[PDB]
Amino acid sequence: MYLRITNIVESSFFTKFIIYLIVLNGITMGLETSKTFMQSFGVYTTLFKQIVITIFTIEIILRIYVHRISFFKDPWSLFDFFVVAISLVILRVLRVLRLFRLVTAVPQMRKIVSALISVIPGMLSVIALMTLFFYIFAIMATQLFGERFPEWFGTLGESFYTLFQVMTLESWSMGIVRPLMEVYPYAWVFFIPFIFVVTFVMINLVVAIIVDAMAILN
């Protein structure tokens, strides 16, 4: 019977049925953002969501019965477990994460996702350096401009936020630095080098990725 349960679990139709259920329920959560739709079919849609979640729970149970410890050493299975647990109870909205199951159920999506994920270890150094950079400048900015510009630099977290904004170049001058220089005429001395460093590091992060990809092909 154990072998029968695993033959049922590992069959192409079992997973195809899962995928079809995921697609239907994604359509449902789309329709659910509509207020008038919920006035007509809110009952039936809530019902459909309840039955979908119980199905996914019973199926996770069966998949655990098939692989005892293998389930919890598997990043994809750990992900499916954790999203269905989240949904089993901000949390109301967080239920929508169960749609990322399409990634773990469809092999094409797994292929591309783990490709992306495997790019990450090679960036671990340049991230740390940039974090340190951000951290240091955040401190400086909070001390240089927090008292007079409390909403952008008044705390370390505000300074982090604004520095991130400056790095994306989003209104860095007309919205942050020119207003500063009305009070601190030499604030560009802080922000131009920052932008320079931040851009140069970003560029190298990208070039590194490219070369590492080439290295695994050649």
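In this text, residue numbers run from 1 along the sequence as written.
**Asked** What is the count, as a class, of unmodelled deposited residues between residue 89 and residue 90: none, 1 to 3, 4 to 9, or 10 or more?
**Response** According to the record, 4 to 9 deposited residues lack coordinates from residue 89 to residue 90.
**Asked** Which wins on mean Cα temperature factor, 43 to 51 or 153 to 161?
**Response** Per the PDB record, 43 to 51.
**Asked** Higher mean Cα B-factor in the deposited model: 186 to 194 or 30 to 38?
**Response** Here the higher of the two C-alpha B-factor means belongs to 30 to 38.
**Prompt:** Looking at 180, 167, 58, 174, which has the highest CA B-factor as recorded?
**Reply:** Largest recorded C-alpha B-factor: 58.
**Message:** Taking only the Cα B-factors deposited for this chain, tell me whether residue 15 sits in the lowest, middle or highest third.
**Reply:** For residue 15, the deposited C-alpha B-factor lands in the highest third.
**Message:** Ranking the modelled residues of this chain by C-alpha B-factor as given in the entry, is residue 79 in the lowest, middle or highest third?
**Reply:** Middle third - that is where residue 79 ends up once the chain's C-alpha B-factors are sorted.
**Request:** Using the B-factors in the PDB entry, rank residue 144's C-alpha atom against the chain and give the third, lowest, middle or highest.
**Result:** Its C-alpha B-factor belongs to the lowest third of this chain's values.
**Asked** Hey, what third does residue 138 fall into on Cα B-factor, ranked over its chain?
**Response** Lowest third.
**Request:** Consider only the C-alpha atoms of the modelled residues in this chain, order them by B-factor as the entry records it, and name the third containing residue 115: lowest, middle or highest.
**Result:** It belongs to the lowest third of the chain when residues are ordered by C-alpha B-factor.
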